[PDB]
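A single chain comes next, written as structure tokens; it is the form deposited in one PDB entry.
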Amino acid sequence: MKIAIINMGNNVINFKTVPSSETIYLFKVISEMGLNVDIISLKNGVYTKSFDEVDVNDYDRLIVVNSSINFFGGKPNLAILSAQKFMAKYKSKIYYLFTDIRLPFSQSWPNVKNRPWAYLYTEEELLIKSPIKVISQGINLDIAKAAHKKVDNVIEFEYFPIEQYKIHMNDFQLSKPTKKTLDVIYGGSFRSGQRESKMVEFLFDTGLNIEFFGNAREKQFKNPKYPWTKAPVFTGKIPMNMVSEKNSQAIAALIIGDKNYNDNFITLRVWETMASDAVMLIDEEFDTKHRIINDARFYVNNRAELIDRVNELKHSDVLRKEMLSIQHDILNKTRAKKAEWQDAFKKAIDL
């Protein structure tokens, strides 16, 4: 049994980019299950073998981390072109890891064929004919199917909480008490404005000391429907392996999601925040039944409630420490079901 995992549209090297990081963590967690897996990317490297140096059909299973098909600058995107070229030659079922609602599987040929540099490729090279099974991080398979309505070779849909890989890694450990220099923190990208309303509501004009780290930029928030005057402090992106330690600099860390994530997706930040030294404050809309933690104190309905909850936490170390103890305990209860999670993943990829 030999498994290959690739990221469909991003180079994989280290933890400097989120797409590369996710691919490496998945490679790592699968390896820790006792499976023989290789990451195939553009070049040979510490964690990867090159697309041009292996035979895709030497693998019994081909796992593909989702990505968009974006030819930046209208120019060829080697990551996506090489990945689909690799996928097109595979003669078995492909397992598409659907971890981001914005990234459903799609064919690149229909996009490439109308490009001026189309002559560089052919339908035979890029058209993926293998059947695809979508492993949805979201429990709602109707949303997953709707996202893939345009493609016809996707024949299977199954839910699996992929993002738990963070807490099941062999070397996982909760964050220790950390010096507090921030009231609230949130790390991520602009996500093409798919979450602008929520970001503005909970992170802007709060009067609190807030930091927004990641690839998001102040200039990106310009939708006239979600006005603001004061912004949080935007800082640069950091390696994914350091996210919980970064979150730990704040009294609290925010949990929000895209509309289609509400009561559907559990995201990496839920675990990264839960494991940090920052109290997890969740947007009520994201988890209306409080399935994450059965304690209303961890939930906020709007900006005013977030402000009040944060001040309560700063005013009472006893309360803050109690809540951290609780979220840490809840996380451990899920970590206790590691074997169950590993087995379910194996079955998801027909093993």
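In this text, rigid core is short for the largest set of C-alphas that superpose within 1.5 Å between two forms. Heads up: residue numbers just count along the shown sequence, starting at 1.
One more form of this protein exists, namely the form deposited in another entry; it is left out here, but the text below deals with it.
Core aligned, which of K145, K89, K93, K198 has the Cα that shifts 2 angstroms or more between this form and the one not shown?
It is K198; the other listed residues stay below 2 Å.
When the two forms are laid on each other by their rigid core, does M169 show a Cα shift of 2 Å or more between this form and the one not shown?
Not so; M169 is displaced by less than 2 Å.
Relative to the superposed rigid core, does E218 relocate between this form and the one not shown - that is, does its Cα move 2 Å or more?
Yes, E218 moves 2 Å or more.
Superposing on the rigid core, is the CA of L127 displaced by 2 Å or more between this form and the one not shown?
No.
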